[PDB]
């Protein structure tokens, strides 16, 4: 269709499937295996990307061009990599992925939204969609085209370090929150075929339903471990939200490090190809987790040739290597040259990768848009995060006896108030893991508003606000305070570092609450990724709020404390009486919660 030098795959007016087939038919084996290879930015250079025909790059958690990098620094990084990829013989653009899992959370100055457990507390799928919309914009601000989200794990044991990445122990809530997908990618057309990939264009991102399947069902919440459940339970609890993701056109699916009845997901042909591809009719691409193929073996990485065979034959399309690309490419080439992996499997993987890249517009807009840089941390997005944070809060207690005056909402005008606790003026702690660093961090790590700063911004000008991180009882009794707001809870964590069998918060936390509440009426704000042992905190406190990991906009917390809005959040998980009960989920025969799933007290706006 025209010029002498016309190449059909480069023609934007042609159907995606025609462009895929036209390009596939031109590729060498090295070109094909290169599309299946994703590498870390830390190992990428122009020559590596060209010479190995690389298909994708990622930033792992904390993998940034430099601390404090601007949106344009990110765009320039990504474009540098893309220029190299575009300079190959076929000029296939790379796709760049990142964990934008509560905002564009690796990036300094990005809006940090509540983590998923708090989002579940909102029961507001439209809010979550709008969060997906804002997050796409902040990701494209940085030149990145692909977010490894949503995590649609259904966490069945809060001892898991990734429980905060699950919207709920109730699959029905997780299913509802799959609205993140069309937020991130755009809404699918009216005609759309379930399982096809979809991204609207250059102002949206490819999404990733993860981690397939039963990541949230592992024994004792041990991360990456075995999920022991019959097929009926897998399909009833862990699978449903993947079908909603198909219906919404999720572009990619990432495989779980976990096993199902002792079979590594990364080696599970029956589920990856038999179920996801052949039964759900998924037509986007399937990506490994980080060194997920390595971890098929024990020790990990001890037979990488077998890891490559098993994973590729199972149906994986793209391998998050992410470092040892030369070994991956060599081994895979060897297996194909040997007949161990058929060209048909290679061609299927490449068809799927290309289908996503053409669908999303990546061949038409391979480079960043500098005009999008100002989306990063935009105030409209922060207002959205503030709404989400406030909606996420679950009021557990509001008065020690039935006859007491309710403590919340608090008055904005009082002579002197106390704000205390380890978590009252610590932005990193209120964001939790996957913020700036992989594991999160402590202190003022990005742009945001701490609880203390929020209180100062809310109160009447006549109200004196005193901060004391860990005051003793006498200090409180002597201070002439009207009330105190005390914030405590978990430190940031991610993945296996968060696995925790006792679920008690670090000290000083309880001791501070006890000292404060012992001297003045107190509202305790509990920052956590999950339910934690709470009876002692409750016994001490007049009011207690489960604020989860509310992100960068601490004013969401004070919006509800001071009565600008009423408390509306409801527990998305069971709150256990003790960890010896676990696992214990809504609907179990032996259900004895401290607070059941769906519990939450309310207030009315002042």
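Residue numbers count along the first chain shown, from 1.
294-302 set against 171-179, stretch whose average Cα temperature factor tops the other in the entry: Taking the mean C-alpha B-factor of 171-179 and of 294-302, the larger value falls to 294-302.
Residue range whose averaged C-alpha B-factor is higher in the record, 25-33 or 544-552: Result of the comparison: 25-33.
420, 349, 128, 515, ranked by C-alpha B-factor: the highest one: In the PDB entry, the greatest C-alpha B-factor among 420, 349, 128, 515 is found at 515.
Among 150, 103, 109, 334 - the residue whose C-alpha B-factor is largest in the record: Comparing C-alpha B-factors across 150, 103, 109, 334, the maximum falls on 334.
CA B-factor ranking of residue 60, expressed as a third of its chain: For residue 60, the deposited C-alpha B-factor lands in the lowest third.
Residue 215 - which third its CA temperature factor falls in, relative to the rest of the chain: Answer is middle: the recorded C-alpha B-factor places it there.
Chain third (lowest, middle, highest) by recorded CA B-factor, residue given as residue 192: Within its chain, residue 192 is a highest-third residue by C-alpha B-factor, going by the deposited values.
Third of chain Cα B-factors occupied by residue 355: It falls in the bottom third of the chain.
Residue 275 - which third its CA temperature factor falls in, relative to the rest of the chain: Ranked within chain, residue 275 CA B lands in the highest tercile.
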